[PDB]
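**Q** I'd like to ask some things about the structure below.
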Amino acid sequence: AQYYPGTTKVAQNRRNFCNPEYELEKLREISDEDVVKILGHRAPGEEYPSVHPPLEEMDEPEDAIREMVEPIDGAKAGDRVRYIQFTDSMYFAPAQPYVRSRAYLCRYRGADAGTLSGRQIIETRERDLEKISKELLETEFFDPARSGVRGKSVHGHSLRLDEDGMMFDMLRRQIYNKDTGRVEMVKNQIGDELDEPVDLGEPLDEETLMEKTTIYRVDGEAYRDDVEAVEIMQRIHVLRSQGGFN
Amino acid sequence: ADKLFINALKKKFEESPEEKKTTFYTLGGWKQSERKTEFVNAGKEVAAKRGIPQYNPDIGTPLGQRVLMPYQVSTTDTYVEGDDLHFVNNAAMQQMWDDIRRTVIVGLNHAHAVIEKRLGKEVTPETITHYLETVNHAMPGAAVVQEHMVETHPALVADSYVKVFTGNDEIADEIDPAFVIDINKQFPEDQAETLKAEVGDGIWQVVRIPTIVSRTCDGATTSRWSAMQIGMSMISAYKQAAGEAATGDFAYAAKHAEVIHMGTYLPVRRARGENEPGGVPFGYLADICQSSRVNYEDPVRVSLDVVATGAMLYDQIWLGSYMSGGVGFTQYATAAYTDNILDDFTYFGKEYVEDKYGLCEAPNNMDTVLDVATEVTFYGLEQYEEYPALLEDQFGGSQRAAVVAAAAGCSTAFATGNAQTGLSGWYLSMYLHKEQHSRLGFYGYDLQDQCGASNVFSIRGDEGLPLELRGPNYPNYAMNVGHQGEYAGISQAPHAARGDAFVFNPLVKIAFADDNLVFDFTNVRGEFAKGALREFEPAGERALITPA
Amino acid sequence: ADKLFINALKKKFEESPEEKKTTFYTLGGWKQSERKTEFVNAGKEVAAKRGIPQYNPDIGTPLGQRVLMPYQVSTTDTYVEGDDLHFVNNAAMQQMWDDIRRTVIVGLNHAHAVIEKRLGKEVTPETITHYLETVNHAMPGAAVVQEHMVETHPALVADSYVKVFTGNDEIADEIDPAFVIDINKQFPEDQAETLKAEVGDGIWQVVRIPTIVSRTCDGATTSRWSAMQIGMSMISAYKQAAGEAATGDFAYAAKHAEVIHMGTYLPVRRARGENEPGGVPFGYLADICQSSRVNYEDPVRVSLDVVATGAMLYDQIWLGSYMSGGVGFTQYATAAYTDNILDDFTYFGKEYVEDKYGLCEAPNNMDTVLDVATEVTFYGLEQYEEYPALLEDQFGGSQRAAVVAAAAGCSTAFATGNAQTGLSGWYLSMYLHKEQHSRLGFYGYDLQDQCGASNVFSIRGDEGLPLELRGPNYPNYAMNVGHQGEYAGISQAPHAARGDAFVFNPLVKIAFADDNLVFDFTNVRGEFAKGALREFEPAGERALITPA
Amino acid sequence: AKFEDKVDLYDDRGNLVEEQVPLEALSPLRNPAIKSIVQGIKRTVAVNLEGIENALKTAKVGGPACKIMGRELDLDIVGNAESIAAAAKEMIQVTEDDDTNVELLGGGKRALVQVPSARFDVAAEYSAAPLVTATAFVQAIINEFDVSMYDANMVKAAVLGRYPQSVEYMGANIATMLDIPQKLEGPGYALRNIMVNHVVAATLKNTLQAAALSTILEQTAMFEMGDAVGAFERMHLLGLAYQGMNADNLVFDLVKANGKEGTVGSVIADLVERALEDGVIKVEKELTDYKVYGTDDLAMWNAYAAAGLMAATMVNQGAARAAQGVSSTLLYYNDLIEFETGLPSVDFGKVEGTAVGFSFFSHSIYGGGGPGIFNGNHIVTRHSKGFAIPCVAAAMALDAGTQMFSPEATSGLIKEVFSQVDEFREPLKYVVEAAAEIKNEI
Amino acid sequence: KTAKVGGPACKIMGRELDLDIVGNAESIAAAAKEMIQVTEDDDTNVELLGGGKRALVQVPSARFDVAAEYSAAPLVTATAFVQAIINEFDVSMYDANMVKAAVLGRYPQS
Ligand code: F43
Ligand SMILES: C[C@@H](OP(=O)(O)O)[C@H](NC(=O)CCCCCCS)C(=O)O
Ligand SMILES: O=S(=O)(O)CCS
Ligand SMILES: O=S(=O)(O)CCS
Ligand SMILES: [Mg+2]
Ligand SMILES: [Mg+2]
Ligand SMILES: [Mg+2]
Ligand SMILES: [Mg+2]
Ligand SMILES: [Mg+2]
């Protein structure tokens, strides 16, 4: 597959995020337990709540499609559907809202992905969400200064940075340690305080941000200069218009 | 010269608009705001008085971790906090809607035929003036025939009256000028001649029922109220029996046959009668706005005054209350009429078109759309990239998409003289925007925008329509903020560039060229500012009948 | 003892009520009237200020060739000119409608299931109380989640709030009592036990949105505004994602699945959304009126308080404005709640039934109808024949037909305990009246009355319906004055005689047993009088955001 | 035939049934089984006798929480259902041995009622079914128990609710798949105002049968609306064949190839591959490391794209066994395919647009709800002309129990009564067989 | 010709189209009939009156067999005549929406 047109680094980065063959760079290590605490849906050690029985106990009807589509583990178990949501700064965060949604539905099974300007969300079965959330937090999808995990009060994607280069956050869920240059998450994604903060590592430097970002900007790579990408968008507009008429 | 939005950005923030970094969290939350402070103290008093907790700054998340910005009302030097632009807090925005809701246009052409042919009486300017004197007594709620009638208090209903207009200059001069909307006095000469040619010898009434009745009742009341007092005034002035068969022809004429509603009724999911905001087509809204007869030398100003009229009505009152409610959609709308941002983007596009093509001289085809809409879209987006303060000003993507696309679409229509290609440019702007920043608007912002390109030029049943005829009930458009008011501006744009006297209905255009309205439809944005400063005096209050 | 209407008649006229002769034409026309004089002067000021003539006593025929009567508001000693009972001139009758229009009932039973089953969280009285504190901040128009929100002025929306009720006393007592409608405190013990059994363990919200919003917008706004702020408060109080899939269940529940509108939408010819007067069935109106829980020892008083509620809303505001307008239908309505006339006729009928059958003990059949309805009809008409002043008081035939038939119909229902036989007696009364005096009402008064007999007991698609379920949209009833409010009384009558706590919906009955309402639904006729004296303070004014 | 196209027809297990069938043998205007389904939907009514009886016993009539004290009637309706049903049938039928049908279910608790076709030959629309059924059962009940003139109006209220004070049958104890004509968003929309949950209920959650019935109803509505007339007729017929009838086994195969490990992106890759091989699309132009695809037949590209869209729904939501993500699949399948190919998405953007609002109004405070309460007449999901709603049906069919407003919550009476009609429960079998039987008459 | 579309007194200046529809009525009617019919010998009927100023259209019974109600008649007729007029004069994509408005009015805003 080709995923996306264009000849900028931005276009290539958009392609890499979507490409399931492309190995996302791992930048940090987060414990399984700390993923659960960030998500905030259950306590580590707690059993997964269920919304319906396991599929094996349901005896569901003869249906060639059901037989042919393997459910994800959480669906077999009857897990709740829960979520993780990210806000990405327009100042060169690596991932961006439509990039995320496009990439999730190329990479992950059983995904409900939504895109907004200030938030991007994925809802799926609880135990599968935890495996996905680790990769979304450990890899280049995430920078702890220009990206944030926020289930509410998402304001920030369009705001100026603070003096440390951190994105604004109403609820100050992620804190830059000026004396050590590392970001700690001190609350879960809905804003409740954590017993012990989680280390998220060092912010990427601006040079690396520019190299990895998927946003076009005049002070990075401008969309108007990626003429092959622009041409394809104008083409879709023209063909949609003609199709609708005749 | 500086961009038009720079002054506003300098008054909002201590930093210079180009700076990328600021400080948060040390402003004191809501205490930074005079208006929020007023609200906190009022909430304590309300709670104490009624015995039920109410507004409380400690519920939910703490407002004001960033600067709570003032907003410049575009074309003015008035700066106000955004709460002063909420329709609930702004009596000028409420009166604008009341003045539309309580208005209907009713012909006298069938009525006069019934008189002459069925009753065998004569109609002369003298009998018309007598009828108009009678109906201006009757229309606010006063009696002309029966004994022992009880009546409305004239001071509570002082805003209700009836005027006429006609394209026949000779009849107009015979009628007492207190009752006449003088097309020659209210419109420039070229526009007046077009309008008079449309109206011809027809004679039309502009009826305004009382605000206090409109607020007590609904929009579907207006044409009924109007028809009953027209009927009594016809009985009285032309000496019919007070209730004979012919009386029924007048009722059918005034309620159905020669009535122009401001809005048409809506289907059941969003059930509403006539003269509600959802029934008002974009062409009508542009014609209600009177900027076109005062600012005709500047087609940007005319178009953006229409955007302001529609953004407020359609997003704040219609979508933000009639169809949802609560805190609502103030800033989805104010993005279109504050800080001179849309004006900058659209003046740029007008200069682009005028230099490359000349206004209205571009080919009306898709080549012109791809050119103008792309160039203006890239210009607008670049301003947010060069000025971090601007991006923090219009912080929601929906807001930015509406402003950029409005500039692109209006500019495209300035080039082609045709609103349908302007509409195509609106949608192309959306697609480019979405790919440039990998975001667009809220979760459901671009439902109509993805449907958009294919439905611009469609001809199928519930798809095809010229933009001027579309409105808030056009299927794709029925749900979402950040589009409807901007579409009204695109509808106005080619007609402003061409110098047309009206967009869609000349009777509507003339009916609001009336200095006895409460809201000043020639200066919509100035009126919003006056209401924000709490200096607008609405009609329909009940102070006269309540205790001190 | 005299007839209850004698004092009123002695105050209106200088002659004795039995005298057949008087003198006319010497009274000064309008100058006899302090109110008409106020109107004449106000019309001069208005015309001078705006430059268009308005109220003018010399247009049409000269009012006041006969005596312009004061009216006694029944059950009070207040006497006012009829102009003071026009809904435009009476802030109390405007607020009574606003308090209905702005109210909706919304269950919490589905919402709590979503929390426990879909989100897997717990619901307790503590989380309910926290939710109620949050929604009473949010519902008038204030924010709980997003940054940089602009909000409604708390003092402009002080009349908006949310309360709950439940049939489970122990749950009720654990919720903060500021938020609770206490069934045991508001209702007598026998009624409270009936009501608590109907509600059971369900928990229901009573939502009142701001009067200022209801007047700017329409009745169909209420359930939407309610749902938006319920949704925001559920997000905040129960720690959902601020917009996940589960959020949608709360919207559907609040907007459709457990919502009780006061009125249902109307068909296209009289197009209107929910919570407009035409959609309110007679049984709901009787249950909105709160006379049943204070005056339960006097079924006549309970039934006639409902008549007054309905005659005002249905004839004066709905039929006289929404469906027509102008001078309107004040006295078509006041005939049913002034001068203690209807009270005299209905007390006569209750005593006749008490003595002959005993309340609710008559056979529910045509024999009882022919007996009670005939006797009370003849009593009522004889009063007009024995007292010429009474006939000059209720001078229109329609007025008289509605009052006599209301007494006959209510009295019949007192006897049978069934509203349907009461309705049959209403129509029989009309037939006897018509033959006795060779007149009935206005030109179109008895459309429904001639169709009436055959449709009381019909079972066909658009004919058959128990009276309690009928309303202003029942086909025969959709157009004409002098019926709808009286039918509401007939619906109440058998249930007041039986001692029933409610007529048709127990949640509606409970929802208006609330001291924080602006209008006092326990004493509707006292409130009308208070408004007539200009002593009523309504909500929704804009004095705070307008100039001195 | 007007079109040269032919399609291979398969059954719901992936087996061939008939080869090279003219496209118009699947047309609502020609296929007799579609005619049977549409007329059956018009004329079929479910009556809830247990509910009528309980409403009368408690005088709970006229809508939620409503009750008239003193009007209670204790009648043994379920215990006399056979006699009531027979009296009703004589009133409903036009002649002895016509196509009237009245069957009792659940021991007299429910009744399936199919009003004779002759009544609709002299009717303008479809309300004769509930209204004739309602009055026949009201009269039969009154006659069975000698209900008095004074009491009979409560039986009316128990059957048809608050009508006519309400415009709808508010509180009624009868049910249809169609809603009243006043609630149409526009003329010609009636077959679209059928709730997705109703479709899933009638087909007992068989994914391909729910997709088929939904597609039949949506695309038949497009003829009534005039959308499938003239230049657009072929597009709509191809969408019906490929998206809803598993033409050429394309949907089945895409799901087979991607069901164990697939994502939306992997279904897209396979579809593009198959479209290239079958000649539907061709390389038109080369950019830098990117091929721009073109097509000489947009209607066929649309149909192929729409079949992949179905498969992607089946794969994504089938994996989660959770319907909610169908709004995401409908959006990003189309968004991804456009930047994968340079060609327009299904319905030229209208499915993507429908999915945007459908996502918002199924994950926000402002309205809508869960997927099963939507339909082609809903303001949110009316914009695509037949290509979105069948995917919602398929996704709800695959939902294992994640919805609060499930078909069991909203459509129990439909499940129990309408699933009994063979053509409603397995429409794919009957439409395909009828197409083979007429293949040489087209 | 006047751009008077969408209701009483409505007009869109600059959208005027001058097409000789009445003078080509026979060809337009024939093209529309081909779109309205289901088969070549069904009960479709299209007849010109007043010398092409008016047309009597009877949509085939078969379309109502598989329809819920009766709106197929105006809707199928309107689109066939809209398409037939566009095809007769090769009306452009940019102008065709005015033909739609002239045939069916302000629908679906109204
Ligand atoms: C709960 C929702 C989901 C939903 O259905 N509506 C919400 C909330 C709602 C509430 C918020 C009031 C409150 O805070 O109590 C209101 C005011 C509607 C109401 N009920 O009166 C609203 N949004 Ni929202 N909402 C808006 C917007 C936004 C932007 C904000 C992004 C950012 O970076 O700040 C995003 C969507 C997106 O990312 O594009 C957004 C989301 C959301 N919007 C998220 C909450 C976001 C969060 O947790 O912070 N709206 C805007 O983009 C600007 C206009 C602003 C509207 C208020 C006004 O017009 O003045 C407000 C409009
Ligand atoms: C969708 C529909 O809601 P329902 O699904 O019918 O509950 C519709 N609301 C809306 O369109 C909300 C529009 C205003 C809020 C969203 C602005 S983007 C309405 O209330 O009639
Ligand atoms: O967050 S949502 O896009 O659902 C609503 C924005 S106001
Ligand atoms: O005279 S009429 O009966 O038509 C009207 C009475 S208000
Ligand atoms: Mg690890
Ligand atoms: Mg002024
Ligand atoms: Mg006697
Ligand atoms: Mg009090
Ligand atoms: Mg095979």
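Numbering starts fresh at 1 for the residues of each chain in the structure tokens, the chains themselves are lettered A, B, ... in the order given, and ligands are numbered from 1 as they appear.
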Run DSSP on the backbone and tell me which residues of range 137-328 of chain B come out as strand (DSSP E); list them as a PyMOL selection string.
**A** chain B and resi 161-166+203-208+259-260
**Q** Check which residues of chain E sit at most 9 Å from chain D using only C-alpha atoms, and return one row each with the closest pair of atoms and their distance in Å to one decimal, ordered by chain and rising number, as a tab-separated table.
**A**
residue	atom	partner	partner_atom	distance
E:32	CA	D:230	CA	8.7
E:34	CA	D:230	CA	8.4
E:35	CA	D:230	CA	5.2
E:36	CA	D:229	CA	7.5
E:38	CA	D:29	CA	7.2
E:62	CA	D:29	CA	6.7
E:63	CA	D:29	CA	6.4
E:64	CA	D:224	CA	8.1
E:65	CA	D:35	CA	6.8
E:66	CA	D:35	CA	5.3
E:67	CA	D:224	CA	5.8
E:68	CA	D:125	CA	5.9
E:69	CA	D:125	CA	4.0
E:70	CA	D:124	CA	6.1
E:71	CA	D:188	CA	5.4
E:72	CA	D:224	CA	4.7
E:73	CA	D:224	CA	8.4
E:74	CA	D:226	CA	8.7
E:75	CA	D:226	CA	5.2
E:76	CA	D:226	CA	4.5
E:77	CA	D:226	CA	8.1
E:78	CA	D:226	CA	8.3
E:79	CA	D:226	CA	6.6
E:80	CA	D:230	CA	6.7
E:83	CA	D:230	CA	7.5
E:108	CA	D:186	CA	7.6
**Q** With N, CA, C and O atoms retained, could you export that selection as a compact mmCIF listing (two decimals), in the first residue's frame?
**A**
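So the final result, stored in again.txt, reads:
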# COMPACT_ATOMS: atom_id res chain seq x y z
N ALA E 32 -37.69 12.09 -21.36
CA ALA E 32 -38.20 11.89 -20.01
C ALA E 32 -39.00 10.61 -19.91
O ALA E 32 -38.90 9.88 -18.92
N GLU E 34 -38.51 7.86 -21.48
CA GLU E 34 -37.60 6.72 -21.41
C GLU E 34 -37.08 6.51 -19.99
O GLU E 34 -36.77 5.38 -19.60
N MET E 35 -36.98 7.59 -19.21
CA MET E 35 -36.50 7.50 -17.84
C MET E 35 -37.61 7.11 -16.87
O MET E 35 -37.36 6.41 -15.89
N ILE E 36 -38.84 7.52 -17.16
CA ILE E 36 -39.97 7.28 -16.26
C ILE E 36 -40.49 5.86 -16.39
O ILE E 36 -40.93 5.26 -15.40
N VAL E 38 -40.76 1.77 -16.86
CA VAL E 38 -40.05 0.59 -16.40
C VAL E 38 -39.73 -0.34 -17.56
O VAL E 38 -38.60 -0.80 -17.71
N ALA E 62 -46.16 0.02 -11.98
CA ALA E 62 -45.18 -0.88 -11.37
C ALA E 62 -44.34 -0.17 -10.32
O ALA E 62 -43.90 -0.80 -9.35
N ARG E 63 -44.10 1.13 -10.48
CA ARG E 63 -43.28 1.84 -9.50
C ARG E 63 -43.98 1.93 -8.15
O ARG E 63 -43.31 2.01 -7.11
N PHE E 64 -45.31 1.89 -8.14
CA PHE E 64 -46.07 2.00 -6.89
C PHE E 64 -46.26 0.66 -6.21
O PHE E 64 -46.56 0.63 -5.01
N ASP E 65 -46.10 -0.45 -6.95
CA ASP E 65 -46.14 -1.77 -6.34
C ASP E 65 -45.09 -1.90 -5.24
O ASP E 65 -45.34 -2.53 -4.20
N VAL E 66 -43.91 -1.32 -5.45
CA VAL E 66 -42.78 -1.48 -4.55
C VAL E 66 -42.49 -0.15 -3.87
O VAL E 66 -41.35 0.14 -3.50
N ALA E 67 -43.52 0.67 -3.71
CA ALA E 67 -43.43 1.95 -3.03
C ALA E 67 -44.34 1.94 -1.81
O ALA E 67 -45.38 1.27 -1.79
N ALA E 68 -43.94 2.70 -0.79
CA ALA E 68 -44.75 2.78 0.42
C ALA E 68 -45.96 3.68 0.23
O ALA E 68 -47.04 3.40 0.75
N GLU E 69 -45.80 4.76 -0.53
CA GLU E 69 -46.87 5.75 -0.68
C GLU E 69 -46.91 6.27 -2.11
O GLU E 69 -46.80 5.48 -3.06
N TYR E 70 -47.16 7.56 -2.31
CA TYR E 70 -47.47 8.06 -3.64
C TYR E 70 -46.50 9.10 -4.14
O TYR E 70 -46.64 9.56 -5.28
N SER E 71 -45.50 9.48 -3.34
CA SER E 71 -44.61 10.57 -3.74
C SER E 71 -43.69 10.19 -4.89
O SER E 71 -43.02 11.08 -5.43
N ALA E 72 -43.61 8.92 -5.27
CA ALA E 72 -42.81 8.56 -6.44
C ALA E 72 -43.25 9.32 -7.69
O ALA E 72 -42.43 9.61 -8.56
N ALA E 73 -44.54 9.63 -7.80
CA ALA E 73 -45.01 10.26 -9.04
C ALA E 73 -44.36 11.62 -9.25
O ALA E 73 -43.68 11.81 -10.27
N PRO E 74 -44.50 12.60 -8.35
CA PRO E 74 -43.82 13.88 -8.58
C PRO E 74 -42.31 13.77 -8.58
O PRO E 74 -41.64 14.43 -9.39
N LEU E 75 -41.74 12.94 -7.71
CA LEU E 75 -40.28 12.90 -7.59
C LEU E 75 -39.64 12.26 -8.82
O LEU E 75 -38.64 12.77 -9.34
N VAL E 76 -40.21 11.16 -9.32
CA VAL E 76 -39.64 10.53 -10.50
C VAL E 76 -39.87 11.42 -11.72
O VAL E 76 -38.98 11.57 -12.57
N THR E 77 -41.04 12.04 -11.81
CA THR E 77 -41.31 12.94 -12.92
C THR E 77 -40.38 14.14 -12.91
O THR E 77 -39.82 14.51 -13.95
N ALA E 78 -40.19 14.75 -11.75
CA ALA E 78 -39.34 15.94 -11.69
C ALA E 78 -37.91 15.63 -12.13
O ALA E 78 -37.31 16.39 -12.90
N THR E 79 -37.33 14.52 -11.65
CA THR E 79 -35.93 14.28 -11.98
C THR E 79 -35.78 13.89 -13.45
O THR E 79 -34.80 14.27 -14.10
N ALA E 80 -36.74 13.15 -13.99
CA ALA E 80 -36.67 12.80 -15.41
C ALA E 80 -36.72 14.04 -16.28
O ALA E 80 -35.95 14.17 -17.24
N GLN E 83 -33.38 16.01 -15.80
CA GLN E 83 -32.31 15.38 -16.57
C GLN E 83 -32.54 15.53 -18.07
O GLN E 83 -31.61 15.82 -18.82
N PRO E 108 -35.27 20.92 -0.92
CA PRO E 108 -35.71 20.49 0.41
C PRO E 108 -35.51 21.49 1.54
O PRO E 108 -35.70 21.11 2.70
**Q** Show me which residues line ligand 8, defined as having an atom within 10 Å of a ligand atom where only C-alpha atoms and all ligand atoms count, and present them as a list in words.
**A**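 My answer, listing the contacting residues, is residues 514, 515, 516, 517, 518, 519, 520, 521 and 522 of chain C.
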**Q** Taking only C-alpha atoms into account, find every residue of chain B that has an atom no more than 9 Å from chain E, and write it out as a PyMOL selection string.
**A** chain B and resi 198-199+258-260+263-266+279-281+283+364-366+417-418+420-421+456-466+468-475+495+498+500+502-507
**Q** Using only C-alpha atoms and all ligand atoms, which protein or nucleic acid residues are at most 9 Å from ligand 7, as a list in words?
**A**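 Answer in the requested format: residues 375, 378 and 379 of chain C.
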**Q** Could you take the residues named above and write them with N, CA and C atoms, as a tab-separated table (two decimals), in the first residue's frame?
**A**
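Once everything was written out, this is again-v7.tsv:
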chain	number	residue	atom	x	y	z
C	375	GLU	N	-81.36	19.23	34.66
C	375	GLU	CA	-81.72	20.03	35.83
C	375	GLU	C	-80.78	21.22	35.98
C	378	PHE	N	-81.27	23.91	33.26
C	378	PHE	CA	-82.43	24.77	33.47
C	378	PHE	C	-82.19	25.74	34.62
C	379	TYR	N	-81.49	25.30	35.67
C	379	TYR	CA	-81.14	26.23	36.74
C	379	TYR	C	-80.31	27.40	36.21
**Q** Can you tell me which residues sit at most 10 Å away from ligand 9, counting only C-alpha atoms and all ligand atoms, written as a list in words?
**A**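 Sorted by chain and then by number, the residues are residues 10, 13, 14, 15, 16, 248, 249, 250, 252 and 253 of chain D.
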**Q** Within 6 Å of ligand 1, counting only C-alpha atoms and all ligand atoms: which residues, as JSON, numbers by chain?
**A** {"A": [116, 117, 118, 119, 152, 153, 154, 155, 156, 157], "B": [325, 326, 327, 328, 329, 330, 331, 332, 395, 396, 397, 398, 441, 442], "C": [143, 144, 145, 146, 149, 150, 228, 229, 232, 242, 243], "D": [364, 365, 366]}
